[PDB]
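K.L.:
in the first instance, please consider these chains from the complex; the rest will follow:
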Amino acid sequence: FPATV
Amino acid sequence: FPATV
Amino acid sequence: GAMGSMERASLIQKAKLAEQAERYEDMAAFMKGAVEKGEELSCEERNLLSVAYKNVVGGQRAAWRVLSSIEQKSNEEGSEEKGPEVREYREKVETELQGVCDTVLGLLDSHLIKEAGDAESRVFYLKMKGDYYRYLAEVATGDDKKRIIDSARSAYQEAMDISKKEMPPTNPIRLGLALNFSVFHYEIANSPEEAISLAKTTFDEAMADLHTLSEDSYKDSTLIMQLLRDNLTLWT
C-alpha cells in the first residue's frame, strides 16, 4: 500500500 | 506497569 | 438489546471477525449480545468475551492515565492553571470506563457466574469480576474506593480458593488468576509483600508440575510463568 498524508 | 492477563 | 434480533452463532462469528479487524468495541458488543442469549459460554467464547472487554477497557485505562497525569501536572505550583477542561475530559473518559466495567460486572452477575458449575468456567468469571472491580478501584476516590477494593478482593479470593482445590498448579486459568491477584495486592491493596509472596509461590508450584505437561500445555503454562517472573523482577 502506498504512502499518503 | 506490571503484567496482567 | 440491540443484538436481540441476531442469532447467537452469528454474534460469535462476528466477534471473531471483529477481533481479526481489530474492532474491539464491536467485538465486545457482539459478545455482550451472545451472553444475553442466556446460554452458558464455551471456553472459546469466554476467551472472546474477555479479549474484547480487555482491549476496550485497556484503551480507556491508557487514556485515563495520560489524562490524569496531565491533570496532576496542571494542578501543581510554578507553571499555570488553565481551566476545567483537563478535569472534565478525564472525568468523561473515567465515566465511560466505569460504564464498561459496570457492563461486564452486570454480565457476570446476570447470570454467568451463578450458572458456571465447573471449576474452569467459575474461576474464569470470578477472575473477571476481580479484574473489573480492580479497574474501578484504579479510578476510585470517594466514599467507595474501599468497598470497591473489597469487592475485587472477595471475587479474586473465591476464585483462588476454587482454583487451589480443583485445578493443577500449571493450569493457565489458575496461573492468570494468581498473576492478576498478585498485581491487585501490589498496585491496589498496598500489600507488596503479599503480591511478591503470591507470585513466587505460584511460580514455584507451577515449576514443580511442568513435568506432567505435554509440549503444548508446557508452552501455555510457561508463558504465564514468565509474566510472574517479569513482575517479580520489577518488584525485587
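P.N.:
Received it, and whenever you're ready, just let me know what you need. Residues are numbered from 1 along each chain as shown, chains lettered A, B, ... in the order given.
K.L.:
and the gap between residue C:107 and chain B?
P.N.:
Distance from residue C:107 to chain B, counting by CB to the nearest CB, to the nearest Å: 19 Å. All C-beta spots, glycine's among them, are computed from the backbone N, C-alpha and C.
K.L.:
that residue: how many residues sit nearby?
P.N.:
Number of residues near residue C:107 (other CB atoms under 10 Å in any protein chain shown) recorded here: 23.
K.L.:
tell me the contacts of it?
P.N.:
C:32, C:35-36, C:49 (CB atoms under 8 Å, 6 or more residues apart in numbering or on different chains).
K.L.:
can you list the buried residues in the helix or strand containing it?
P.N.:
Taking DSSP states H and E as the definition, residue C:107 sits inside helix C:85-107. By 16 or more other CB atoms under 10 Å in any protein chain shown, the buried positions in helix C:85-107 come out as C:86, C:90, C:93-94, C:97-98, C:100-101, C:103-105, C:107.
K.L.:
in JSON lines, list those residues along with distance to residue C:189.
P.N.:
Shown next, in JSON lines, are these (distance: CB to CB, whole Å):
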{"residue": "C:86", "distance to residue C:189": "29"}
{"residue": "C:90", "distance to residue C:189": "24"}
{"residue": "C:93", "distance to residue C:189": "24"}
{"residue": "C:94", "distance to residue C:189": "21"}
{"residue": "C:97", "distance to residue C:189": "20"}
{"residue": "C:98", "distance to residue C:189": "20"}
{"residue": "C:100", "distance to residue C:189": "23"}
{"residue": "C:101", "distance to residue C:189": "18"}
{"residue": "C:103", "distance to residue C:189": "25"}
{"residue": "C:104", "distance to residue C:189": "21"}
{"residue": "C:105", "distance to residue C:189": "19"}
{"residue": "C:107", "distance to residue C:189": "25"}
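K.L.:
show me where chain C has strands.
P.N.:
Remark: no strands are assigned in chain C by DSSP state E.
K.L.:
now the most centrally placed residue in chain C: how far from residue C:162?
P.N.:
For chain C, residue C:131 is the residue whose C-alpha lies nearest the centre (CA atoms, centre = their mean; 3.6 Å). Per CB to CB, to the nearest Å, residue C:131 is found 16 Å from residue C:162.
K.L.:
hmm, back to that, closest one of the contacts of residue C:107 to chain B?
P.N.:
residue C:49 (14.1 Å; CB to the nearest CB).
K.L.:
just give the nearest non-adjacent residue to the closest one, would you?
P.N.:
residue C:31 (4.5 Å; CB to CB, 6 or more residues apart in numbering or on different chains).
K.L.:
one more chain, chain D:
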Amino acid sequence: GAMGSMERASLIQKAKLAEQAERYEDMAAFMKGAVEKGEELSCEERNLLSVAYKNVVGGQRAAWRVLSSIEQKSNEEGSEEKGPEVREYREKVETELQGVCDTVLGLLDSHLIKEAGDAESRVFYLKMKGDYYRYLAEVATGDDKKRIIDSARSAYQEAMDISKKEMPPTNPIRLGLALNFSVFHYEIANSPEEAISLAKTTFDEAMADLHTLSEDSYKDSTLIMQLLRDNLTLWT
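P.N.:
Adding chain D to what we have so far:
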C-alpha cells in the same frame, strides 16, 4: 450538535488532549464541534481536524480491507460457503466509514471551503475533499463509483491548480496534495503512468527549490519528498 454548549477554545483544548490520549473518535467529535462554531480554522486547528478524521477513517479502512479479504476468500471455489455474516459485517463497517466520510465532506461543504480565502487554507480543504471522496471510492461499486471518482478528481485538480499558482514547489501542503493525488491516480483511477509522472515531477521540482529553505522547512519538505520516493520505488 452535542458540542453546541461547549466553548470553541475548550473543544480545541480537548481535541489536543484526545490526541495525547490516542482517543481519535473523541478528537474528531471535538473538532467537528469546533468547525460547527462557524469560525475559520487556524493552521494548527486544520491539522487537528485532519489528524483526527485521518485516524478514525484509517482504522475503518484497515478493518474494511481485512473483512473484504475474508469475504472474497469465503466466496471462492473449493472450500466452504458459511452464511451472510462476513458480508453483513463488512457492510456495517462500510456504512460507518461512508458516514464518517460524509461527515467530513459535510464540514468542508458547509462551510469550510467557501470561507477559505487563502491558498494554504483552500488547498488544504480541497485536498481533504479529494481524500474523503477517494475513501468513498475505495468501497464504491454501484451506480456511483464513477461519479465518486470524478468528485475526488475534481477536488484534487482544483487544489493542484491553486497550489501551482500560489505555493512554492517545496510547500508541504503542495507536496502532500501531490502525493495523495498521485495515489488517487495509481489506486483509484487506474492511471499508473499519471501517478508516476506526478510523483516524479513533484519530487524533482521540490529538489530544485530546497536551496531556498531553512533547516526546519527543509526537514518538513524532505519528509514528504521521501514519501514520494517511497511510492515511486513501489511502482517502478
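K.L.:
repeat for the buried residues of helix C:85-107, accounting for chain D.
P.N.:
Across helix C:85-107, burial judged by 16+ other CB under 10 Å covers C:85-86, C:88-90, C:92-94, C:96-98, C:100-101, C:103-105, C:107.
K.L.:
filtering those by proximity to chain D, which remain?
P.N.:
C:85-86, C:88-89, C:92-93 (CB under 8 Å from any CB of the partner chain).
K.L.:
put together JSON lines for the residues you listed, with distance to chain A on each row.
P.N.:
JSON lines is the format used below for those (distance: CB to the nearest CB, whole Å):
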{"residue": "C:85", "distance to chain A": "29"}
{"residue": "C:86", "distance to chain A": "29"}
{"residue": "C:88", "distance to chain A": "32"}
{"residue": "C:89", "distance to chain A": "27"}
{"residue": "C:92", "distance to chain A": "30"}
{"residue": "C:93", "distance to chain A": "29"}
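K.L.:
name the nearest of those residues relative to residue B:1.
P.N.:
Closest to residue B:1 out of those is residue C:93 (17.7 Å), distances taken as CB to CB.
K.L.:
quick one: distance of the helix holding residue C:107 to the chain centre.
P.N.:
Put simply, helix C:85-107 sits 15 Å off its chain's centre (CA atoms, centre = their mean, to the nearest Å).
K.L.:
does chain D sit close to the longest helix seen in chain C?
P.N.:
Of all the segments of type helix in chain C, defined by DSSP state H, the longest one is helix C:43-74. Yes. Legend: contact between helix C:43-74 and chain D by CB under 8 Å from any CB is shown at C:59, C:62-63, C:66-67, C:70.
K.L.:
select only the buried ones of these in ChimeraX?
P.N.:
Those of the residues of helix C:43-74 next to chain D that count as buried under 16+ other CB under 10 Å are selected in ChimeraX with:
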select /C:59,63,66,67,70
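K.L.:
what is the neighbour count of residue C:53?
P.N.:
Residues within reach of residue C:53, counting by other CB under 10 Å, total 24.
K.L.:
I should have written residue C:166 there, sorry.
P.N.:
The burial count for residue C:166: 14, using other CB under 10 Å.
K.L.:
ok, now which ones touch residue C:32?
P.N.:
C:1, C:3, C:103, C:107.
K.L.:
which one of these is nearest residue D:191?
P.N.:
residue C:3 (43.9 Å).
K.L.:
apart from its chain neighbours, what residue comes closest to the closest one?
P.N.:
Closest to residue C:3 by CB to CB, 6+ apart is residue C:33, at 2.6 Å.
K.L.:
once you drop chain neighbours, what's closest to residue C:177?
P.N.:
Per CB to CB, 6+ apart, closest to residue C:177 is residue C:127, 4.6 Å.
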